[PDB]
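Before any comments, here is the structure.
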Amino acid sequence: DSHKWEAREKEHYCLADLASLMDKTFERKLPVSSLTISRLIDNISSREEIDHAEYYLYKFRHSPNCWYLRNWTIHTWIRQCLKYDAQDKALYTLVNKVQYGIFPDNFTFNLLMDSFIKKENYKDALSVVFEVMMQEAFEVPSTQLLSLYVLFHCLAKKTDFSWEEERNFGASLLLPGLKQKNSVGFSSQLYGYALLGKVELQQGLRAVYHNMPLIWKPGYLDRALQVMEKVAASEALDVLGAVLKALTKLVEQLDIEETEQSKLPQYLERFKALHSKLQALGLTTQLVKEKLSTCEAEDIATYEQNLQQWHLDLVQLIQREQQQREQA
Amino acid sequence: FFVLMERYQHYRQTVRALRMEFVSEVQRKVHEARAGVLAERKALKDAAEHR
Amino acid sequence: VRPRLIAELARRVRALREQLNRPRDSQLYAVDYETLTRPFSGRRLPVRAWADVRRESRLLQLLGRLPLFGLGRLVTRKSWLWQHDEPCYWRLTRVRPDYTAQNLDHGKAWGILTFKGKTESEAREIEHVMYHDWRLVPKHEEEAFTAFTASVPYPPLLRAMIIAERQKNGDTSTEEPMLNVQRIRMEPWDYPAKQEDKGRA
Amino acid sequence: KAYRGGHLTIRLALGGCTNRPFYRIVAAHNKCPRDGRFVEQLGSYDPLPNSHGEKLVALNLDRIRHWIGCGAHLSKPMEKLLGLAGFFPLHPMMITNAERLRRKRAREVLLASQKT
Ligand SMILES: [Zn+2]
């Protein structure tokens, strides 16, 4: 809803003084203050203003004040994008999140999740969710909704082949770990785990460190072993991949750190037996919805509290700057 | 080369210990030189002879 | 006396130029992602650098890749990974950014410096930090590097020398004085060198 | 015009004439020449031994120890000499050179057993 953008504290839509101060700070190499960027963000009202604010933020990431990117700037930017468009600029920023630093470490997670789920989006929303959860996610009352969306778009996306696709699937299914019941989910999880372990150990020399930023230990199959133990204490895609793969000097590795290369048929037989056992023992969307029936409260009180606190901080900073400029 | 490096680390630890011991020996020498009661007694005797 | 004012003024102007034109670690130090060289200087790189500059990235940009400048994110160095299993990574808690390049590459960061399981804050000089040998370790799979749960009298030559000297003076006395290695630690062969004798290039 | 007298940097220079190898230790700073502004000028060292093999060496460590206590670094020649002298333990470089000599003698035995 648009009611989540009331404490705006507008100033002036004109870019004259703001651009002048920014150019002065960039030429004299002076550290830029977050007040100008916050004013520019609050004064957004068109594509030109959005592009100007994005360029100013990009320069701020290079200006002497690389830090001082207070959370209120990202808050106001995300809120204005959600209330205006949030299609290309917001999508590009969320895909990058390095050249601008739009870290949504607040209720912006739940805000975006609700805006993308209630409106029922598809490809763009899925890509944004993947790109924003690749790093950190799951916190504010929206983890169950995000997991539901991810499971839906994964059951609707059963393909790999490519290297980047497999890497993205693995990075997206790594952090989520609480659906102790799903079948295809854990199947794809174990499949990606095995593929990444093989790529890191029993594969080429280069693809060992740069590709996957994981641990350098030789016990990668131990993760899949622990996963299957946890799921069958009391699958399909991985078995299909194994069946498909059945029919086919500077050394950067320690001698003791041997790679379990000569290992294939025994592991495949064990995995087939374990998959048969699981099928003998033990859609998920209904269970996830039933779980969500309890949560999904949307506590905007924290939103307003943070907004008020940050607005007070910004007003105090502006007053301090005005006093320093006048008394001096 | 691993034997090289192990023995070099041992020698470096010993050299640091011996540098600390050299500092201690310089302190002892400065003490024996300045605090030497012989010089002070000779100066006092010379002052008494002058008086 | 008449001080050489021409030479003094020339040297002062040269020093002022060299000081005010102080180039950050991005202008002339811009590392190439193909030829494996550096402008301005124009010197070669070690044999090990045949692929270390093209396979991995630096530390500060690896942190910047994560949110909050990696204020509480782990990150291990590939060199120590190659030559060390004990906890010898960089657990950051106060990163200083760099304002002279994109992607937050090339900078001067400082913080907790763990060494053999000793979280030292503001330790000695920090070498092997501006190289392209680092492994990213986000929140997932946090701890991993943590794989870690001479004081001897004089040699025989000095022993015999002191014994002979004491025999010359009086008794023999075979006892020897003890020493300690409490000051400087036990730096291994793969220890980051000290920047004490390294000004700048 | 301003000296330093801080950390030392023993630098060597085998200057001489043909058929005449003779050491020449020179203690100074890292940013100073050999014959220029220095800290302490010590005597030279005897490389080869005298007649009937009797390598005599005059240990002039009296002031070297004081300078080390006050701050003085060493080089490879001084380090090896202190190691093989008596104060410091046997230099590890020379012990490993003896180990390499043992390996060379083993290789010579192998070659003598293989060839003829
Ligand atoms: Zn000569």
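By convention here, the chains of the structure tokens are called A, B, ... in the order presented, each chain's residues are numbered starting at 1, and ligands are numbered starting at 1 in the order presented.
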
Quick check for you: according to DSSP on this backbone, which residues of segment 15-114 of chain D are classed as helix (DSSP H, G or I)? Reply as a ChimeraX atom specification. /D:61-71,76-85,92-114

Would you list which chain C residues are within 9 Å of chain B using only C-alpha atoms, as number ranges by chain? C: 150-152, 179-189

Give the residue list for ligand 1 at 8 Å, counting only C-alpha atoms and all ligand atoms, as a list in words, sorted by chain and then by residue number.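 The residues near ligand 1 are residues 15, 16, 17, 20, 21 and 22 of chain D.
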
Residue selection dump (N, CA and C atoms) as a PDB file, in the first residue's frame:
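So the final result, stored in again17.pdb, reads:
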ATOM      1  N   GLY D  15      86.416  -5.500  -2.251  1.00  0.00           N
ATOM      2  CA  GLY D  15      87.283  -4.691  -3.090  1.00  0.00           C
ATOM      3  C   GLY D  15      88.750  -5.027  -2.865  1.00  0.00           C
ATOM      4  N   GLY D  16      89.482  -5.158  -3.968  1.00  0.00           N
ATOM      5  CA  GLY D  16      90.894  -5.473  -3.905  1.00  0.00           C
ATOM      6  C   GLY D  16      91.515  -5.664  -5.273  1.00  0.00           C
ATOM      7  N   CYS D  17      92.552  -6.490  -5.348  1.00  0.00           N
ATOM      8  CA  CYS D  17      93.255  -6.769  -6.591  1.00  0.00           C
ATOM      9  C   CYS D  17      93.123  -8.246  -6.937  1.00  0.00           C
ATOM     10  N   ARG D  20      93.682 -11.924  -4.837  1.00  0.00           N
ATOM     11  CA  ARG D  20      93.685 -11.343  -3.495  1.00  0.00           C
ATOM     12  C   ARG D  20      92.248 -11.214  -3.015  1.00  0.00           C
ATOM     13  N   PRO D  21      91.690 -12.276  -2.423  1.00  0.00           N
ATOM     14  CA  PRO D  21      90.357 -12.166  -1.820  1.00  0.00           C
ATOM     15  C   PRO D  21      90.428 -11.753  -0.358  1.00  0.00           C
ATOM     16  N   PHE D  22      89.827 -10.614  -0.020  1.00  0.00           N
ATOM     17  CA  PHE D  22      89.895 -10.090   1.339  1.00  0.00           C
ATOM     18  C   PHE D  22      88.579  -9.408   1.682  1.00  0.00           C
TER      19      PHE D  22
END

For atom CA of residue 55 of chain D and atom CA of residue 172 of chain C, determine how far apart the two atoms are, in Å to one decimal place. 28.3 Å

Tell me as a VMD selection string which residues belonging to chain D come within 7 Å of chain C, counting only C-alpha atoms. chain D and resid 86 to 87 89

Counting only C-alpha atoms, give me one row per residue of segment 9-113 of chain A with an atom at most 10 Å from an atom of segment 95-99 of chain C, showing the shortest contact pair and its distance in Å to one decimal, sorted by chain then residue number, as CSV.
residue,atom,partner,partner_atom,distance
A:29,CA,C:99,CA,9.7
A:31,CA,C:99,CA,9.8
A:59,CA,C:99,CA,9.6
A:60,CA,C:99,CA,8.9
A:61,CA,C:99,CA,7.5
A:62,CA,C:99,CA,4.8
A:63,CA,C:99,CA,5.4
A:64,CA,C:99,CA,5.1
A:65,CA,C:99,CA,7.5
A:66,CA,C:97,CA,6.2
A:67,CA,C:97,CA,7.2

Atom CA of residue 79 of chain C and atom CA of residue 222 of chain A are how many Å apart?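 Rounded to one decimal, the two atoms are 25.4 Å apart.
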
Proximity to chain B - best of D:73, D:91, D:115, D:11, only C-alpha atoms: D:91
